[PDB]
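Chemist: What follows is coords_24.txt, made up of compact mmCIF, C-alpha atoms:
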# COMPACT_ATOMS: atom_id res chain seq x y z
CA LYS K 6 8.40 -8.21 -15.58
CA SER K 7 7.81 -5.98 -12.57
CA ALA K 8 6.94 -6.90 -8.99
CA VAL K 9 4.09 -4.84 -7.55
CA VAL K 10 2.53 -4.79 -4.09
CA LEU K 11 -0.95 -3.30 -3.82
CA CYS K 12 -1.00 -2.11 -0.20
CA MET K 13 -4.63 -1.35 0.55
CA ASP K 14 -6.11 0.36 3.60
CA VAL K 15 -9.31 -1.50 4.57
CA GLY K 16 -9.64 0.21 7.94
CA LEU K 17 -12.97 1.28 9.33
CA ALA K 18 -12.78 4.91 8.12
CA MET K 19 -12.51 3.70 4.52
CA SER K 20 -16.10 2.36 4.79
CA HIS K 21 -17.66 5.77 5.46
CA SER K 22 -19.71 6.67 2.38
CA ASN K 23 -20.10 10.41 1.95
CA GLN K 24 -18.56 11.18 -1.48
CA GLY K 25 -20.53 10.16 -4.53
CA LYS K 26 -21.97 6.65 -4.72
CA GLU K 27 -19.00 4.64 -3.39
CA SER K 28 -17.02 4.75 -0.17
CA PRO K 29 -13.22 5.00 -0.38
CA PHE K 30 -13.08 1.26 0.33
CA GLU K 31 -15.42 0.48 -2.56
CA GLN K 32 -13.54 2.84 -4.88
CA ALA K 33 -10.16 1.34 -4.02
CA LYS K 34 -11.44 -2.20 -4.45
CA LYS K 35 -12.85 -1.25 -7.85
CA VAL K 36 -9.53 0.19 -9.01
CA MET K 37 -7.74 -2.92 -7.75
CA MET K 38 -10.16 -5.17 -9.63
CA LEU K 39 -9.90 -3.15 -12.85
CA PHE K 40 -6.10 -3.17 -12.65
CA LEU K 41 -5.95 -6.90 -12.01
CA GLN K 42 -8.41 -7.54 -14.85
CA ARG K 43 -6.25 -5.49 -17.21
CA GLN K 44 -3.19 -7.49 -16.18
CA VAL K 45 -4.94 -10.84 -16.56
CA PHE K 46 -6.54 -10.09 -19.93
CA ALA K 47 -3.26 -8.68 -21.25
CA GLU K 48 -1.35 -11.80 -20.12
CA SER K 49 1.16 -9.49 -18.44
CA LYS K 50 4.07 -11.24 -16.79
CA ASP K 51 4.17 -8.77 -13.88
CA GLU K 52 3.78 -10.35 -10.45
CA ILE K 53 1.27 -8.68 -8.14
CA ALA K 54 0.92 -9.10 -4.38
CA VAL K 55 -1.88 -7.71 -2.20
CA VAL K 56 -1.33 -6.56 1.38
CA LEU K 57 -4.34 -5.33 3.37
CA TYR K 58 -4.06 -3.21 6.49
CA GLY K 59 -6.85 -2.51 8.91
CA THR K 60 -8.00 -6.12 8.78
CA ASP K 61 -9.62 -7.67 11.83
CA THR K 62 -7.26 -10.64 11.73
CA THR K 63 -3.50 -10.56 11.35
CA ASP K 64 -1.54 -12.68 8.86
CA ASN K 65 2.01 -11.64 8.02
CA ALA K 66 5.54 -12.87 8.64
CA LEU K 67 6.47 -10.02 11.01
CA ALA K 68 3.45 -10.29 13.33
CA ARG K 69 4.17 -10.82 17.00
CA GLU K 70 2.99 -9.37 20.32
CA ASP K 71 2.16 -5.71 19.58
CA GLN K 72 3.97 -5.74 16.20
CA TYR K 73 2.59 -5.46 12.65
CA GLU K 74 -0.95 -6.00 13.90
CA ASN K 75 -4.03 -6.00 11.65
CA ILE K 76 -2.04 -6.45 8.47
CA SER K 77 -2.79 -9.41 6.21
CA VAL K 78 -0.98 -10.75 3.13
CA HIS K 79 -3.93 -11.61 0.92
CA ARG K 80 -1.89 -12.48 -2.19
CA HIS K 81 1.80 -13.26 -2.48
CA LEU K 82 4.04 -12.16 -5.34
CA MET K 83 2.63 -14.20 -8.22
CA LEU K 84 1.03 -13.79 -11.60
CA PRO K 85 -2.61 -12.68 -11.12
CA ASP K 86 -5.45 -15.00 -12.08
CA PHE K 87 -9.24 -15.29 -12.12
CA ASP K 88 -9.20 -17.07 -8.78
CA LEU K 89 -7.62 -13.89 -7.42
CA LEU K 90 -10.26 -11.76 -9.10
CA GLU K 91 -12.99 -13.97 -7.66
CA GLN K 92 -11.17 -14.07 -4.33
CA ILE K 93 -10.86 -10.28 -4.12
CA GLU K 94 -14.41 -9.53 -5.27
CA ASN K 95 -16.10 -11.81 -2.74
CA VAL K 96 -13.67 -12.03 0.21
CA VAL K 97 -12.04 -8.62 0.67
CA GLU K 98 -14.31 -6.75 3.06
CA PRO K 99 -13.98 -3.64 5.18
CA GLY K 100 -12.12 -4.07 8.43
CA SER K 101 -13.38 -2.88 11.80
CA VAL K 102 -10.02 -1.58 13.06
CA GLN K 103 -7.24 0.69 11.89
CA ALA K 104 -3.60 -0.11 11.29
CA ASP K 105 -0.25 1.62 10.98
CA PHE K 106 0.54 2.31 7.32
CA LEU K 107 4.30 2.30 7.88
CA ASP K 108 3.98 -1.18 9.42
CA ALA K 109 2.06 -2.15 6.28
CA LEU K 110 4.81 -0.64 4.14
CA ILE K 111 7.42 -2.69 6.00
CA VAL K 112 5.41 -5.91 5.54
CA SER K 113 5.17 -5.07 1.82
CA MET K 114 8.93 -4.42 1.62
CA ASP K 115 9.71 -7.68 3.43
CA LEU K 116 7.40 -9.55 1.02
CA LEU K 117 9.26 -8.10 -1.96
CA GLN K 118 12.69 -8.71 -0.37
CA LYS K 119 11.95 -12.39 0.21
CA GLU K 120 9.88 -13.28 -2.82
CA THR K 121 12.06 -11.57 -5.46
CA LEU K 122 15.20 -13.39 -4.27
CA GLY K 123 17.32 -14.63 -7.14
CA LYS K 124 15.05 -13.28 -9.89
CA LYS K 125 15.32 -10.30 -12.23
CA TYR K 126 12.70 -7.56 -12.35
CA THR K 127 12.47 -4.32 -14.29
CA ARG K 128 11.15 -2.53 -11.21
CA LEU K 129 9.93 -3.20 -7.69
CA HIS K 130 6.84 -1.19 -6.84
CA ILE K 131 4.55 -0.54 -3.87
CA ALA K 132 1.24 1.26 -4.44
CA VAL K 133 -0.53 2.43 -1.28
CA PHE K 134 -4.27 3.17 -1.26
CA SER K 135 -5.49 4.98 1.83
CA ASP K 136 -7.43 7.87 3.29
CA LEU K 137 -4.63 8.39 5.89
CA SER K 138 -7.16 8.48 8.75
CA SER K 139 -5.15 6.06 10.97
CA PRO K 140 -2.37 6.96 13.42
CA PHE K 141 1.15 5.77 12.68
CA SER K 142 4.56 5.64 14.33
CA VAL K 143 7.61 7.15 12.63
CA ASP K 144 10.01 5.00 14.67
CA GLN K 145 12.97 4.03 12.46
CA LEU K 146 11.40 5.66 9.39
CA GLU K 147 14.94 6.68 8.39
CA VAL K 148 15.75 2.95 8.08
CA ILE K 149 12.59 2.28 6.06
CA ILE K 150 13.65 5.00 3.62
CA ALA K 151 17.23 3.73 3.50
CA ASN K 152 15.96 0.28 2.57
CA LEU K 153 13.52 1.59 -0.04
CA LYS K 154 16.51 3.27 -1.69
CA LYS K 155 18.82 0.27 -1.35
CA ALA K 156 16.26 -2.08 -2.92
CA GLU K 157 15.36 0.55 -5.55
CA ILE K 158 11.64 0.30 -4.70
CA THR K 159 9.36 2.90 -6.22
CA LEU K 160 6.45 4.09 -4.13
CA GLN K 161 3.10 5.57 -5.18
CA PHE K 162 0.39 6.89 -2.88
CA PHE K 163 -3.26 7.05 -3.89
CA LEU K 164 -5.78 9.01 -1.78
CA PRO K 165 -9.55 9.50 -2.17
CA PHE K 166 -9.09 13.26 -2.27
CA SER K 167 -6.81 15.86 -3.79
CA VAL K 168 -4.04 17.41 -1.72
CA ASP K 169 -3.57 20.57 -3.79
CA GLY K 191 -12.03 25.00 -4.39
CA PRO K 192 -13.48 24.17 -0.98
CA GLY K 193 -11.55 22.42 1.72
CA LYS K 194 -12.54 18.81 2.21
CA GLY K 195 -12.80 18.53 5.99
CA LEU K 196 -9.57 16.56 6.45
CA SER K 197 -8.72 15.65 10.03
CA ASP K 198 -5.46 16.66 11.68
CA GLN K 199 -4.41 13.00 11.43
CA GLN K 200 -5.05 13.00 7.68
CA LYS K 201 -3.08 16.22 7.31
CA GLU K 202 -0.23 14.66 9.31
CA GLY K 203 -0.37 11.61 7.06
CA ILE K 204 -0.27 13.79 3.95
CA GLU K 205 2.78 15.64 5.27
CA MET K 206 4.52 12.36 6.13
CA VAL K 207 3.80 11.02 2.64
CA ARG K 208 5.35 14.21 1.27
CA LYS K 209 8.39 13.78 3.53
CA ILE K 210 8.84 10.18 2.36
CA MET K 211 8.44 10.91 -1.35
CA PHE K 212 10.75 13.91 -1.14
CA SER K 213 13.30 11.75 0.68
CA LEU K 214 13.14 9.21 -2.17
CA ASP K 215 12.89 11.44 -5.25
CA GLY K 216 13.17 15.12 -4.28
CA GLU K 217 10.65 17.46 -5.87
CA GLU K 218 9.84 14.93 -8.61
CA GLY K 219 8.89 12.46 -5.87
CA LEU K 220 6.05 14.60 -4.54
CA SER K 221 4.49 14.21 -8.00
CA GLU K 222 3.97 10.50 -7.17
CA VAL K 223 0.96 11.38 -4.93
CA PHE K 224 -2.34 10.89 -6.70
CA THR K 225 -6.07 10.55 -6.30
CA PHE K 226 -8.22 7.47 -6.53
CA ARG K 227 -9.72 9.09 -9.64
CA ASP K 228 -6.32 9.00 -11.37
CA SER K 229 -5.01 5.78 -9.82
CA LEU K 230 -5.91 3.16 -12.43
CA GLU K 231 -3.96 4.92 -15.17
CA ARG K 232 -1.02 5.86 -12.92
CA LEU K 233 -0.59 2.21 -11.90
CA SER K 234 -0.32 1.12 -15.54
CA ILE K 235 2.49 3.67 -16.04
CA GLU G 181 6.52 7.11 20.02
CA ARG G 182 5.54 3.46 19.55
CA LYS G 183 8.65 1.40 18.96
CA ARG G 184 8.69 -1.12 16.16
CA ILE G 185 11.08 -3.98 15.59
CA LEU G 186 12.35 -4.12 12.03
CA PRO G 187 13.25 -7.43 10.42
CA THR G 188 16.93 -8.26 10.61
CA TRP G 189 17.56 -7.89 6.87
CA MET G 190 16.61 -4.21 7.11
CA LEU G 191 19.28 -3.61 9.78
CA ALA G 192 22.17 -5.12 7.79
Step by step, read the file and then write its structure as structure tokens.

Modeler:
Amino acid sequence: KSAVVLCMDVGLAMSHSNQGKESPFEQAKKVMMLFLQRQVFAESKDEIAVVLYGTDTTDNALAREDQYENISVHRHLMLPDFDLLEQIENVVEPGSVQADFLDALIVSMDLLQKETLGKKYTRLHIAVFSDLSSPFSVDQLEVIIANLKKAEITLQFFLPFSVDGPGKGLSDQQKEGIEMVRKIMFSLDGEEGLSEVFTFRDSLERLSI
Amino acid sequence: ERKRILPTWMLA
């Protein structure tokens, strides 16, 4: 069994619908639902948590005055079920704020650290879905990376656009986020780590690998 | 830069 956190950006920018028929929020929710359905129908023993960032309310163990705001643990590290499918389909809505993705990463890491205690997993995994529109702080990022390595956590980033035809009108903040993702993945896995950065279009199959 | 406070286990 593996332990997976789906770390999903639900911030306001994700709701903007200007590519195809679905906004990035709708696309990411669909992938999440299809993945969870696959896991349920297959009777997989993997445990799957869901952390949302950009939520209007805050609900996580690290939250305090000005810390880890607008990040919510929607599902703890457990086998998935149909209640979760129903819960995600009808509850998970776009947020009206933005949040710091490295705060969300830390919340996800803390969730794994606590809830895998004393148990054996084949891998620990965090999959981030985001358009990288939100600002973030790099404070103590070197410690985040050190702890990702120590815990042997694998990281995947999924974006609603390619980062390799016409340019796609990415903001400076999105370009900064892309570069930071590249810095993190290179820090974890060198050149091979940069290959762990994917599109929403490819995300469902890359999760199942 | 905005300072964050990491959980104690990360600072071990």

Chemist: Once you count only C-alpha atoms, which residues of chain G turn out to be within 7 Å of chain K? Could you give them as a PyMOL selection string?

Modeler: chain G and resi 181-184+190

Chemist: List the neighbours of residue 227 in chain K out to 10 Å using all atoms listed in the file; skip same-chain residues closer than 2 positions along the sequence, and give me the result as a list in words.

Modeler: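 The residues satisfying every condition are residues 32, 33, 36, 163, 164, 165, 166, 167, 224, 225, 229, 230, 231 and 232 of chain K.
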
Chemist: Save the residues we just selected, C-alpha atoms, as a CSV table (one decimal), in the coordinates of the input?

Modeler:
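out_5.csv was written with the following content:
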chain,number,residue,atom,x,y,z
K,32,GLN,CA,-13.5,2.8,-4.9
K,33,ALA,CA,-10.2,1.3,-4.0
K,36,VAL,CA,-9.5,0.2,-9.0
K,163,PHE,CA,-3.3,7.0,-3.9
K,164,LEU,CA,-5.8,9.0,-1.8
K,165,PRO,CA,-9.6,9.5,-2.2
K,166,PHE,CA,-9.1,13.3,-2.3
K,167,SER,CA,-6.8,15.9,-3.8
K,224,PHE,CA,-2.3,10.9,-6.7
K,225,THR,CA,-6.1,10.6,-6.3
K,229,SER,CA,-5.0,5.8,-9.8
K,230,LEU,CA,-5.9,3.2,-12.4
K,231,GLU,CA,-4.0,4.9,-15.2
K,232,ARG,CA,-1.0,5.9,-12.9

Chemist: In Å, rounded to a single decimal, give me how far CA of residue 90 in chain K is from CA of residue 6 in chain K.

Modeler: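 CA of residue 6 in chain K sits 20.1 Å away from CA of residue 90 in chain K.
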
Chemist: Any idea what the distance is between CA of residue 84 in chain K and CA of residue 29 in chain K?

Modeler: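 Spanning CA of residue 84 in chain K to CA of residue 29 in chain K is a straight-line distance of 26.1 Å.
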
Chemist: Quick check, in Å to one decimal: how far apart do CA of residue 95 in chain K and CA of residue 15 in chain K lie?

Modeler: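 Value for the CA of residue 95 in chain K-CA of residue 15 in chain K distance: 14.3 Å.
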
Chemist: Find the residue from K:134, K:147, K:35, K:17 that sits nearest to residue 186 in chain G; use all atoms listed in the file when measuring.

Modeler: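 For residue 186 in chain G, the nearest of the candidates is K:147.
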
Chemist: May I have the protein, DNA and RNA residues with an atom at most 8 Å from (2.9, 4.2, -1.4), counting only C-alpha atoms in the file's coordinates, returned as a VMD selection string?

Modeler: chain K and resid 12 110 131 to 134 160 to 163 207

Chemist: Go ahead and save the residues from that selection, with C-alpha atoms, as a PDB file, keeping the file's coordinate frame.

Modeler:
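Resulting contents of selection-v9.pdb:
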ATOM      1  CA  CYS K  12      -1.000  -2.110  -0.200  1.00  0.00           C
ATOM      2  CA  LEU K 110       4.810  -0.640   4.140  1.00  0.00           C
ATOM      3  CA  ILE K 131       4.550  -0.540  -3.870  1.00  0.00           C
ATOM      4  CA  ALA K 132       1.240   1.260  -4.440  1.00  0.00           C
ATOM      5  CA  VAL K 133      -0.530   2.430  -1.280  1.00  0.00           C
ATOM      6  CA  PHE K 134      -4.270   3.170  -1.260  1.00  0.00           C
ATOM      7  CA  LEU K 160       6.450   4.090  -4.130  1.00  0.00           C
ATOM      8  CA  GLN K 161       3.100   5.570  -5.180  1.00  0.00           C
ATOM      9  CA  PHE K 162       0.390   6.890  -2.880  1.00  0.00           C
ATOM     10  CA  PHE K 163      -3.260   7.050  -3.890  1.00  0.00           C
ATOM     11  CA  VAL K 207       3.800  11.020   2.640  1.00  0.00           C
TER      12      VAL K 207
END

Chemist: Considering all atoms listed in the file, can you say which of K:226, K:106, K:126, K:30 comes closest to residue 9 in chain K?

Modeler: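 Of K:226, K:106, K:126, K:30, the one nearest residue 9 in chain K is K:126, counting all atoms listed in the file.
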
Chemist: Using all atoms listed in the file, which of the listed residues (K:68, K:22, K:87, K:27) sits closest to residue 187 in chain G?

Modeler: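 Checking each of K:68, K:22, K:87, K:27 against residue 187 in chain G, counting all atoms listed in the file, the winner is K:68.
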
Chemist: Using all atoms listed in the file, which residues sit within 9 Å of residue 139 in chain K once same-chain residues fewer than 3 positions away are excluded, as a PyMOL selection string?

Modeler: chain K and resi 16+18+59+103-106+136+199-200+203

Chemist: Those same residues - C-alpha atoms - I'd like them written as a CSV table (one decimal), in the frame of the given file.

Modeler:
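Saved the output as out22.csv:
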chain,number,residue,atom,x,y,z
K,16,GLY,CA,-9.6,0.2,7.9
K,18,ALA,CA,-12.8,4.9,8.1
K,59,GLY,CA,-6.8,-2.5,8.9
K,103,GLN,CA,-7.2,0.7,11.9
K,104,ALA,CA,-3.6,-0.1,11.3
K,105,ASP,CA,-0.2,1.6,11.0
K,106,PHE,CA,0.5,2.3,7.3
K,136,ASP,CA,-7.4,7.9,3.3
K,199,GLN,CA,-4.4,13.0,11.4
K,200,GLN,CA,-5.0,13.0,7.7
K,203,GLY,CA,-0.4,11.6,7.1
